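K.L.:
I would like to see how this sequence folds:
(2 chains, ligands or ions: 7)
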Amino acid sequence: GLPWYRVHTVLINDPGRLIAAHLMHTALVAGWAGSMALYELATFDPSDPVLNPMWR
Amino acid sequence: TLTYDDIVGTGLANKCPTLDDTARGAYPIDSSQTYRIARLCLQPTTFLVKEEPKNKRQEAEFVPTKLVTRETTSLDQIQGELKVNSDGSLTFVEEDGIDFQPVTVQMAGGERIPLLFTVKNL
Ligand code: CLA
Ligand code: CLA
Ligand code: CLA
Ligand code: CLA
Ligand SMILES: CCCCCCCCCCCCCCCC(=O)OC[C@H](CO[C@@H]1O[C@H](CS(=O)(=O)O)[C@@H](O)[C@H](O)[C@H]1O)OC(=O)CCCCCCCCCCCCCCC
Ligand SMILES: CCCCCCCCCCCCCCCC(=O)OC[C@H](COP(=O)(O)OC[C@@H](O)CO)OC(=O)CCCCCCCCCCCCCCC
Ligand SMILES: CC1=C(/C=C/C(C)=C/C=C\C(C)=C\C=C\C=C(C)\C=C\C=C(C)\C=C\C2=C(C)CCCC2(C)C)C(C)(C)CCC1
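P.N.:
Numbering: from 1, shown residues only, chains lettered A, B, ... in the order given. Ligands and ions are numbered 1, 2, ... in the order given. Here you go, the structure:
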């Protein structure tokens, strides 16, 4: 069969499943953004923009 | 004249009585007469808490907070002697009443600041 590093080429001639795959990727990235924001908000101390800003 | 049923659950019970705009008069003090306050009421509208100074050690400011304990905040039915002093100044000496309320206000960032809002032994 297909080697492991070629598994995704099945989408090359399957525009619908390729769109599906792009949707999933996009979902993962947006989910990441949401979760990163949540974690940062769960750890960020907003109490000192002077000496403790976000970049610190 | 409003009854309990008119007031209950409206929030008005936590409001102090108001006087209309024409009330800019003067109440004479007879320095030979003894006086009392029959009802003193205090209705807070804003609670401010002094932010803890970053370490800059400049002037820390009082910041707004959000009331979370609802309309449970007013001091009322407070009564006491109103003494007339020899220099003609008046001194209120709180004796009794509902002269305290526990209050929790919440700061930016979520920190809750409980306090005993009071005029006890005023
Ligand atoms: C838009 C970005 C993009 C896209 C859509 C593709 C699309 C594809 N490439 Mg890839 N490729 C890309 C960028 C991209 N490539 C880049 C930047 C490189 C340089 C490293 C390569 C190198 C590359 C090679 C060398 C090959 C492909 C091949 C493939 C195809 C099969 C993929 C597969 O089956 O993997 C299956 C993959 C796995 C089962 C696991 C991979 C695990 C990785 C290595 C580690 C974990 C990755 C992690 C989850 C991703 C985080 C996201 C990242 C951006 C930070 C497929 C058409 C293959 C191909 O052409 O097939 C005929 C192939 O031979 N690509
Ligand atoms: C953008 C991400 C992405 C997308 C859209 C696809 C899309 C697809 N993959 Mg690919 N795949 C991916 C990533 C992705 N894959 C990665 C990273 C790997 C390496 C593990 C593989 C390995 C893979 C294989 C081996 C095969 C496919 C195949 C397929 C297709 C059928 C779905 C399937 O079999 O899933 C299989 C893939 C997975 C179930 C992904 C693994 C899940 C990882 C471990 C993360 C799970 C999230 C988890 C809850 C978080 C963990 C947190 C941790 C801190 C504990 C489908 C087109 C199949 C295909 O059609 O081949 C012809 C196929 O056989 N995929
Ligand atoms: C009306 C014209 C039109 C429009 C507006 C789009 C719009 C877009 N195309 Mg599509 N496309 C079109 C015609 C059009 N295409 C045609 C004629 C073809 C040839 C068949 C394709 C083939 C195509 C492919 C192969 C792919 C796209 C993808 C994308 C999207 C990439 C941006 C993205 O995902 O943002 C993120 C998304 C959002 C911020 C949400 C947008 C809200 C959507 C539009 C509402 C969904 C409801 C709607 C009624 C149903 C789908 C609408 C459809 C016309 C796109 C995007 C939605 C890609 C994609 O779908 O990947 C995920 C992709 O892979 N397009
Ligand atoms: C514009 C930015 C961008 C781009 C170009 C891509 C591009 C792509 N993403 Mg990625 N992604 C992005 C942003 C981006 N992503 C973001 C912001 C997120 C949220 C964190 C994700 C999350 C994400 C996930 C979860 C997945 C992808 C996958 C993929 C690939 C799908 C096509 C494939 O089959 O490749 C085949 C794979 C390759 C060609 C290898 C890519 C190697 C990268 C560039 C570096 C790998 C680093 C190292 C070897 C392993 C990681 C370290 C480890 C300790 C964790 C593709 C390369 C999917 C994929 O990789 O499936 C296999 C997949 O699983 N992406
Ligand atoms: C640490 C581990 C814990 C994590 C667990 C969480 C997820 C558990 C579920 C995993 C088990 C999947 C069983 C496979 C189902 C199946 O039938 O496959 C085939 C199905 C179609 O159904 C099928 O389709 C087949 C043909 S075809 O694929 O349509 O061509 C056909 O054989 C069949 O009749 C039909 O039913 O299509 C697929 O190929 C999808 C399988 C890939 C699923 C793995 C992805 C999991 C990651 C998702 C994370 C989301 C991220 C958030 C972003 C929003
Ligand atoms: C965040 C989500 C994370 C989930 C994703 C999981 C990540 C999966 C990573 C897959 C990588 C597996 C590696 C495939 C390894 C393997 O299968 O290779 C053998 C493979 C042969 O494949 P073929 O083309 O012959 O086809 C056979 C098929 O059966 C393959 O499926 O070649 C390749 O895959 C190219 C890479 C070669 C790599 C060679 C390096 C190894 C040599 C020794 C290195 C260490 C010693 C050095 C001493 C100094
Ligand atoms: C479905 C449903 C629901 C739910 C959803 C959810 C529950 C959510 C989500 C999302 C999510 C929550 C998930 C996810 C994401 C994550 C990610 C995607 C991350 C990434 C990772 C990677 C990719 C990276 C790698 C790294 C390593 C790890 C280390 C270092 C190096 C690097 C950087 C490479 C709702 C209500 C909405 C509605 C609709 C439907």
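K.L.:
so the closest residue in space to residue A:48 that isn't next to it in sequence, which of the three states?
P.N.:
Leaving aside its chain neighbours, residue A:48 sits nearest to residue B:54 (5.0 Å; criterion: CB to CB, 6 or more residues apart in numbering or on different chains). Every residue, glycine included, has its C-beta placed from N, CA and C. Following DSSP: H, G, I helix; E, B strand; the rest coil, the label given to residue B:54 is coil.
K.L.:
around ligand 7, which positions in chain A sit nearby?
P.N.:
Within chain A, the positions lying close to ligand 7 (CB under 6 Å from any ligand atom) are A:28, A:31-32, A:34-35.
K.L.:
mind putting those residues into a markdown table with distance to ligand 1?
P.N.:
Output for the residues of chain A next to ligand 7, formatted as a markdown table (distance: CB to the nearest ligand atom, whole Å):
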| residue | distance to ligand 1 |
| --- | --- |
| A:28 | 9 |
| A:31 | 13 |
| A:32 | 10 |
| A:34 | 17 |
| A:35 | 15 |
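K.L.:
what about the residue nearest to residue A:48, how many neighbours?
P.N.:
14 (other CB atoms under 10 Å in any protein chain shown).
K.L.:
quickly find the element holding the spatially most central residue of chain A.
P.N.:
Nearest to the geometric centre of chain A sits residue A:29, at 2.2 Å (CA atoms, centre = their mean). In this structure, residue A:29 sits in helix A:15-43 according to DSSP states H and E.
K.L.:
circling back to that earlier point, which members of the residues of chain A next to ligand 7 are classed as buried?
P.N.:
Among the residues of chain A next to ligand 7, none counts as buried by neighbour count (16 or more other CB atoms under 10 Å in any protein chain shown).
K.L.:
return the residues in contact with residue B:115.
P.N.:
Applying CB atoms under 8 Å, 6 or more residues apart in numbering or on different chains to residue B:115 gives the contacts B:102-105.
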